[PDB]
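This is my_file.cif. It holds mmCIF, C-alpha atoms.
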```cif
data_model
#
loop_
_atom_site.label_atom_id
_atom_site.label_comp_id
_atom_site.auth_asym_id
_atom_site.auth_seq_id
_atom_site.Cartn_x
_atom_site.Cartn_y
_atom_site.Cartn_z
CA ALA M 1 4.10 -13.58 11.14
CA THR M 2 0.33 -13.02 11.09
CA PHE M 3 -1.34 -10.00 9.60
CA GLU M 4 -4.95 -9.16 10.22
CA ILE M 5 -6.33 -7.16 7.33
CA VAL M 6 -9.45 -5.18 8.25
CA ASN M 7 -11.78 -3.33 5.90
CA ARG M 8 -13.27 -0.44 7.84
CA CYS M 9 -14.34 1.41 4.66
CA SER M 10 -18.03 1.71 3.95
CA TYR M 11 -17.39 0.06 0.53
CA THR M 12 -15.96 -3.34 -0.47
CA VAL M 13 -12.25 -3.62 -1.17
CA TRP M 14 -10.42 -6.55 -2.61
CA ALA M 15 -7.29 -6.95 -0.43
CA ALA M 16 -4.05 -8.16 -1.98
CA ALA M 17 -0.74 -9.44 -0.52
CA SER M 18 2.28 -10.25 -2.70
CA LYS M 19 6.08 -10.29 -2.56
CA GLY M 20 6.27 -9.31 -6.22
CA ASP M 21 6.98 -12.73 -7.72
CA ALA M 22 4.60 -14.78 -5.55
CA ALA M 23 1.34 -14.40 -3.59
CA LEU M 24 1.57 -14.13 0.16
CA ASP M 25 -0.87 -16.63 1.61
CA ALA M 26 -3.98 -16.84 -0.69
CA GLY M 27 -2.81 -13.57 -2.34
CA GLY M 28 -6.22 -11.81 -2.48
CA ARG M 29 -9.74 -11.78 -1.08
CA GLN M 30 -12.93 -9.83 -1.20
CA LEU M 31 -13.49 -7.87 2.06
CA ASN M 32 -16.88 -6.31 2.61
CA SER M 33 -17.26 -3.47 5.03
CA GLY M 34 -16.15 -4.70 8.49
CA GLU M 35 -14.57 -7.97 7.35
CA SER M 36 -11.05 -9.03 8.53
CA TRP M 37 -8.79 -11.44 6.77
CA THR M 38 -5.99 -13.03 8.72
CA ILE M 39 -3.05 -14.17 6.73
CA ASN M 40 0.22 -15.91 7.46
CA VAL M 41 3.50 -14.63 6.06
CA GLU M 42 6.70 -16.76 6.13
CA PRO M 43 9.34 -15.33 8.49
CA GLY M 44 12.22 -13.74 6.55
CA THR M 45 9.88 -12.31 3.89
CA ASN M 46 11.63 -9.55 2.14
CA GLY M 47 9.77 -6.78 0.20
CA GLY M 48 6.21 -7.89 1.03
CA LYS M 49 3.35 -5.57 0.12
CA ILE M 50 -0.29 -5.30 1.11
CA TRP M 51 -2.83 -3.04 -0.64
CA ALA M 52 -6.54 -2.59 -1.48
CA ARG M 53 -8.22 -2.72 -4.88
CA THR M 54 -11.46 -0.90 -5.69
CA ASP M 55 -14.27 -1.63 -8.17
CA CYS M 56 -13.39 -5.15 -9.08
CA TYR M 57 -15.37 -7.66 -11.08
CA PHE M 58 -14.25 -11.20 -11.09
CA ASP M 59 -15.76 -14.22 -12.73
CA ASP M 60 -16.06 -17.69 -11.20
CA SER M 61 -12.47 -18.62 -12.06
CA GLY M 62 -11.30 -15.35 -10.31
CA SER M 63 -10.32 -13.47 -13.49
CA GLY M 64 -11.53 -9.95 -14.07
CA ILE M 65 -10.51 -6.36 -13.53
CA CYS M 66 -10.17 -3.70 -10.80
CA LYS M 67 -10.15 0.10 -11.17
CA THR M 68 -7.22 0.57 -8.80
CA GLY M 69 -4.48 -1.91 -7.94
CA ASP M 70 -5.29 -4.59 -10.51
CA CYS M 71 -2.60 -7.39 -10.58
CA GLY M 72 -2.98 -8.60 -14.18
CA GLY M 73 -6.67 -9.36 -13.72
CA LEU M 74 -6.44 -12.05 -10.98
CA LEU M 75 -8.33 -12.22 -7.62
CA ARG M 76 -5.34 -13.85 -5.99
CA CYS M 77 -2.36 -11.55 -6.71
CA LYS M 78 1.13 -12.81 -7.66
CA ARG M 79 2.54 -9.54 -9.11
CA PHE M 80 2.14 -6.12 -7.61
CA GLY M 81 -0.86 -4.07 -8.60
CA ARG M 82 -1.25 -1.23 -11.08
CA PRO M 83 -1.01 2.32 -9.51
CA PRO M 84 -2.66 4.16 -7.83
CA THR M 85 -2.24 2.04 -4.71
CA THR M 86 -1.51 3.05 -1.11
CA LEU M 87 1.11 0.47 0.02
CA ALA M 88 1.79 -1.27 3.32
CA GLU M 89 5.40 -2.46 2.84
CA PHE M 90 7.33 -4.91 5.03
CA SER M 91 10.59 -6.86 5.40
CA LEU M 92 10.51 -9.44 8.18
CA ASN M 93 13.39 -10.87 10.26
CA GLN M 94 16.15 -8.80 8.60
CA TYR M 95 19.01 -9.29 11.09
CA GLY M 96 16.57 -9.67 14.06
CA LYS M 97 14.30 -6.80 13.01
CA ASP M 98 11.08 -6.27 11.13
CA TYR M 99 10.88 -3.11 8.92
CA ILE M 100 7.51 -1.56 8.09
CA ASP M 101 6.31 1.52 6.19
CA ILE M 102 3.46 3.09 4.26
CA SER M 103 4.34 4.37 0.80
CA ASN M 104 2.66 6.90 -1.50
CA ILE M 105 5.35 6.35 -4.15
CA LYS M 106 2.86 4.44 -6.33
CA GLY M 107 -0.01 6.84 -5.61
CA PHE M 108 -2.94 6.65 -3.22
CA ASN M 109 -6.27 4.90 -3.52
CA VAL M 110 -7.54 4.00 0.01
CA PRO M 111 -6.52 5.48 3.40
CA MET M 112 -4.63 2.94 5.54
CA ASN M 113 -3.26 2.39 9.05
CA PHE M 114 -0.38 -0.14 9.49
CA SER M 115 0.28 -1.07 13.21
CA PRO M 116 1.86 -3.89 15.24
CA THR M 117 -0.51 -5.96 17.38
CA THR M 118 2.51 -7.08 19.47
CA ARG M 119 4.81 -4.72 21.55
CA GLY M 120 8.00 -2.74 20.79
CA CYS M 121 7.23 -0.28 17.97
CA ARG M 122 4.48 2.20 16.91
CA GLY M 123 2.34 2.21 13.72
CA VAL M 124 2.01 4.53 10.76
CA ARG M 125 -1.09 5.86 9.12
CA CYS M 126 -1.90 7.74 5.99
CA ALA M 127 -5.57 8.70 6.46
CA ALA M 128 -5.91 12.13 4.80
CA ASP M 129 -8.32 12.77 1.96
CA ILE M 130 -5.66 12.54 -0.77
CA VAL M 131 -8.16 11.59 -3.55
CA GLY M 132 -10.30 14.64 -2.64
CA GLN M 133 -7.29 17.03 -2.57
CA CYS M 134 -5.52 15.40 -5.53
CA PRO M 135 -3.88 17.80 -8.10
CA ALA M 136 -5.82 17.81 -11.27
CA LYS M 137 -3.04 16.21 -13.42
CA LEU M 138 -2.57 13.34 -10.91
CA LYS M 139 -6.27 12.28 -10.73
CA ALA M 140 -6.82 8.81 -11.97
CA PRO M 141 -10.19 8.40 -13.80
CA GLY M 142 -10.67 5.11 -11.88
CA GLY M 143 -10.63 6.87 -8.45
CA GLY M 144 -7.32 7.44 -6.76
CA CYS M 145 -4.46 9.88 -6.93
CA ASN M 146 -1.45 8.87 -9.12
CA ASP M 147 2.19 9.50 -8.31
CA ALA M 148 4.08 11.81 -10.76
CA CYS M 149 6.40 9.02 -11.96
CA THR M 150 3.38 6.96 -13.13
CA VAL M 151 1.87 9.97 -14.92
CA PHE M 152 4.96 11.70 -16.41
CA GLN M 153 7.68 9.03 -16.63
CA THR M 154 10.67 11.42 -16.14
CA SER M 155 14.05 10.80 -14.59
CA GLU M 156 13.29 13.32 -11.90
CA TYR M 157 9.92 11.86 -10.84
CA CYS M 158 11.12 8.27 -11.14
CA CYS M 159 14.75 8.88 -9.75
CA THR M 160 15.96 6.67 -12.46
CA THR M 161 19.46 8.16 -12.06
CA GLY M 162 19.39 7.52 -8.28
CA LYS M 163 19.54 11.33 -7.79
CA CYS M 164 16.28 13.37 -7.57
CA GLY M 165 14.78 15.88 -5.15
CA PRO M 166 11.30 16.46 -3.81
CA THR M 167 8.88 17.92 -6.32
CA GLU M 168 5.66 19.88 -6.30
CA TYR M 169 3.89 16.57 -6.64
CA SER M 170 5.78 14.68 -3.97
CA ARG M 171 5.37 17.70 -1.63
CA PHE M 172 1.60 17.26 -1.90
CA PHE M 173 1.64 13.61 -0.67
CA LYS M 174 4.10 14.56 2.08
CA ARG M 175 2.04 17.52 3.25
CA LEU M 176 -1.05 15.32 3.64
CA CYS M 177 0.81 12.19 4.87
CA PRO M 178 4.06 13.07 6.53
CA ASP M 179 4.55 9.46 7.69
CA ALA M 180 4.30 7.88 4.22
CA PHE M 181 7.13 7.86 1.63
CA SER M 182 6.31 10.56 -0.90
CA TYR M 183 9.15 9.83 -3.44
CA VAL M 184 11.96 7.33 -3.88
CA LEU M 185 14.59 9.27 -1.92
CA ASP M 186 12.32 10.68 0.81
CA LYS M 187 13.90 10.81 4.34
CA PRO M 188 12.89 7.24 5.48
CA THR M 189 9.71 6.80 7.58
CA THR M 190 10.46 3.15 8.10
CA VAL M 191 9.54 1.81 11.53
CA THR M 192 11.73 -0.90 13.10
CA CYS M 193 10.01 -3.58 15.05
CA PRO M 194 11.18 -6.61 16.94
CA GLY M 195 11.91 -9.68 14.67
CA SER M 196 8.69 -11.78 14.19
CA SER M 197 6.15 -9.09 15.22
CA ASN M 198 2.49 -9.35 14.19
CA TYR M 199 0.42 -6.66 12.53
CA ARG M 200 -2.89 -5.25 11.49
CA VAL M 201 -3.53 -3.33 8.32
CA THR M 202 -6.76 -1.32 8.45
CA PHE M 203 -8.32 0.28 5.39
CA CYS M 204 -10.22 3.50 6.19
CA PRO M 205 -8.87 3.52 9.78
CA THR M 206 -10.85 6.60 10.44
CA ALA M 207 -14.35 6.00 8.61
#
```
Here is a file; write its structure as structure tokens.
Amino acid sequence: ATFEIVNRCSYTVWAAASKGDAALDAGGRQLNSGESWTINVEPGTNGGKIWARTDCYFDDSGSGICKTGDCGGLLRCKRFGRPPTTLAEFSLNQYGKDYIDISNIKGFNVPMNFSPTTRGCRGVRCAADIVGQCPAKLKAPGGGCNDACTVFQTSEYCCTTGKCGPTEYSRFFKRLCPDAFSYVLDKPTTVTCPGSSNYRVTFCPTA
């Protein structure tokens, strides 16, 4: 499948794409305001993620640091990034379907729209000002709004037992972004698409 990744923010993001134990395509790129990066993802990719990183400095070997979403200091991500990160999540060609969602389960850094560019399903967007509205205890100094599991590391926030309910903190993400996952056991907002669809991820879909 192809994914076009568009930076519509007025500031530079460093896009990242990773299946957790491997880069997808080049794995990361600088995107200035207005730039698009088209990547190819192997059909049958399970648990792929795309996200944006803010305030990054890299050297000439592509080692450095980002204030949100850093993946152990590399330009080209292999691991997932450090919260807070808004996440475009996908599993492709799972018994003839593609599954897509946006997740706030690891916090929120940049607003995002995640849509097919082919027919047969609709997209999802989380474009609210979550950083601006963010509860005081969830605010990440770097910019961004952390999830409660990242901040507090409890069984309840993290559903480490596999049982957990919504919380004050999850209710906040959900109230601003009803279509994003707000905690591990949220009623799914997964969208099912035809096997082998193509997609666009747009940062700051609304700027």
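Take the candidates M:12, M:91, M:192, M:146 and check each one against residue M:173 using all atoms listed in the file; the shortest distance goes to M:146.
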* **Distance in Å - atom CA of residue M:79 versus atom CA of residue M:95** =>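 Separating atom CA of residue M:79 from atom CA of residue M:95 is a distance of 26.1 Å.
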* Identify all residues satisfying the PyMOL selection byres ((chain M and resi 198) around 10) in the given file; provide them as a list in words. => residues 1, 2, 3, 4, 40, 41, 98, 115, 116, 117, 118, 119, 193, 194, 195, 196, 197, 199 and 200 of chain M
* Between atom CA of residue M:96 and atom CA of residue M:44, what is the spacing in Å? ->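 Taking atom CA of residue M:44 as the start and atom CA of residue M:96 as the end point, the length is 9.6 Å.
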For stretch 29-65 of chain M versus stretch 17-24 of chain M, which residues have an atom no more than 12 Å away, and what is each residue's nearest atom pair and distance in Å rounded to one decimal, using all atoms listed in the file, chain-then-number order, as CSV?
```
residue,atom,partner,partner_atom,distance
M:29,CA,M:17,CA,9.3
M:37,CA,M:17,CA,11.0
M:38,CA,M:17,CA,11.2
M:39,CA,M:24,CA,8.0
M:40,CA,M:24,CA,7.6
M:41,CA,M:24,CA,6.2
M:42,CA,M:24,CA,8.3
M:43,CA,M:24,CA,11.5
M:44,CA,M:19,CA,11.5
M:45,CA,M:19,CA,7.8
M:46,CA,M:19,CA,7.3
M:47,CA,M:19,CA,5.8
M:48,CA,M:19,CA,4.3
M:49,CA,M:18,CA,5.6
M:50,CA,M:17,CA,4.5
M:51,CA,M:17,CA,6.7
M:52,CA,M:17,CA,9.0
M:53,CA,M:17,CA,11.0
```
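Proximity of M:182, M:191, M:171, M:206 to residue M:129, computed with all atoms listed in the file, is greatest for M:206.
The smallest atom-to-atom distance between residue M:189 and any of M:166, M:141, M:135, M:123, using all atoms listed in the file, is found for M:123.
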The PyMOL selection byres ((chain M and resi 113) around 12) applied to the shown file, residues as a PDB file with C-alpha atoms, in the frame of the given file:
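Heads up, here's the output in selection.pdb:
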```
ATOM      1  CA  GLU M   4      -4.950  -9.160  10.220  1.00  0.00           C
ATOM      2  CA  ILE M   5      -6.330  -7.160   7.330  1.00  0.00           C
ATOM      3  CA  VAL M   6      -9.450  -5.180   8.250  1.00  0.00           C
ATOM      4  CA  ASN M   7     -11.780  -3.330   5.900  1.00  0.00           C
ATOM      5  CA  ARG M   8     -13.270  -0.440   7.840  1.00  0.00           C
ATOM      6  CA  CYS M   9     -14.340   1.410   4.660  1.00  0.00           C
ATOM      7  CA  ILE M  50      -0.290  -5.300   1.110  1.00  0.00           C
ATOM      8  CA  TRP M  51      -2.830  -3.040  -0.640  1.00  0.00           C
ATOM      9  CA  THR M  86      -1.510   3.050  -1.110  1.00  0.00           C
ATOM     10  CA  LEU M  87       1.110   0.470   0.020  1.00  0.00           C
ATOM     11  CA  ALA M  88       1.790  -1.270   3.320  1.00  0.00           C
ATOM     12  CA  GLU M  89       5.400  -2.460   2.840  1.00  0.00           C
ATOM     13  CA  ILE M 100       7.510  -1.560   8.090  1.00  0.00           C
ATOM     14  CA  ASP M 101       6.310   1.520   6.190  1.00  0.00           C
ATOM     15  CA  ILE M 102       3.460   3.090   4.260  1.00  0.00           C
ATOM     16  CA  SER M 103       4.340   4.370   0.800  1.00  0.00           C
ATOM     17  CA  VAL M 110      -7.540   4.000   0.010  1.00  0.00           C
ATOM     18  CA  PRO M 111      -6.520   5.480   3.400  1.00  0.00           C
ATOM     19  CA  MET M 112      -4.630   2.940   5.540  1.00  0.00           C
ATOM     20  CA  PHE M 114      -0.380  -0.140   9.490  1.00  0.00           C
ATOM     21  CA  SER M 115       0.280  -1.070  13.210  1.00  0.00           C
ATOM     22  CA  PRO M 116       1.860  -3.890  15.240  1.00  0.00           C
ATOM     23  CA  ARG M 122       4.480   2.200  16.910  1.00  0.00           C
ATOM     24  CA  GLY M 123       2.340   2.210  13.720  1.00  0.00           C
ATOM     25  CA  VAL M 124       2.010   4.530  10.760  1.00  0.00           C
ATOM     26  CA  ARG M 125      -1.090   5.860   9.120  1.00  0.00           C
ATOM     27  CA  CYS M 126      -1.900   7.740   5.990  1.00  0.00           C
ATOM     28  CA  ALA M 127      -5.570   8.700   6.460  1.00  0.00           C
ATOM     29  CA  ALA M 128      -5.910  12.130   4.800  1.00  0.00           C
ATOM     30  CA  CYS M 177       0.810  12.190   4.870  1.00  0.00           C
ATOM     31  CA  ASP M 179       4.550   9.460   7.690  1.00  0.00           C
ATOM     32  CA  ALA M 180       4.300   7.880   4.220  1.00  0.00           C
ATOM     33  CA  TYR M 199       0.420  -6.660  12.530  1.00  0.00           C
ATOM     34  CA  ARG M 200      -2.890  -5.250  11.490  1.00  0.00           C
ATOM     35  CA  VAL M 201      -3.530  -3.330   8.320  1.00  0.00           C
ATOM     36  CA  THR M 202      -6.760  -1.320   8.450  1.00  0.00           C
ATOM     37  CA  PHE M 203      -8.320   0.280   5.390  1.00  0.00           C
ATOM     38  CA  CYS M 204     -10.220   3.500   6.190  1.00  0.00           C
ATOM     39  CA  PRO M 205      -8.870   3.520   9.780  1.00  0.00           C
ATOM     40  CA  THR M 206     -10.850   6.600  10.440  1.00  0.00           C
ATOM     41  CA  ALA M 207     -14.350   6.000   8.610  1.00  0.00           C
TER      42      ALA M 207
END
```
* Carefully work through the PyMOL selection byres ((chain M and resi 61) around 12) for this structure and note down the residues it includes, as a list in words. => residues 57, 58, 59, 60, 62, 63, 64, 73, 74, 75 and 76 of chain M
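Among M:77, M:16, M:185, M:176, the residue with the shortest atom-to-atom distance to residue M:132, counting only C-alpha atoms, is M:176.
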* Using only C-alpha atoms: which of M:55, M:35, M:97, M:150 has the shortest distance to residue M:84 -> M:150
* Between atom CA of residue M:108 and atom CA of residue M:143, what is the spacing in Å? ->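 That distance, rounded to one decimal, is 9.3 Å.
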Report, as lines of an AutoDock Vina configuration file, the centre and edge lengths in Å (one decimal) of the axis-aligned box enclosing every listed atom of stretch 52-71 of chain M, padded by 4 Å on each side.
```
center_x = -9.3
center_y = -9.0
center_z = -7.8
size_x = 21.5
size_y = 27.2
size_z = 20.6
```
* Taking into account only C-alpha atoms, which residue in the set M:26, M:134, M:15, M:31 is nearest to residue M:148? ->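 So, comparing all the options, the nearest one is M:134.
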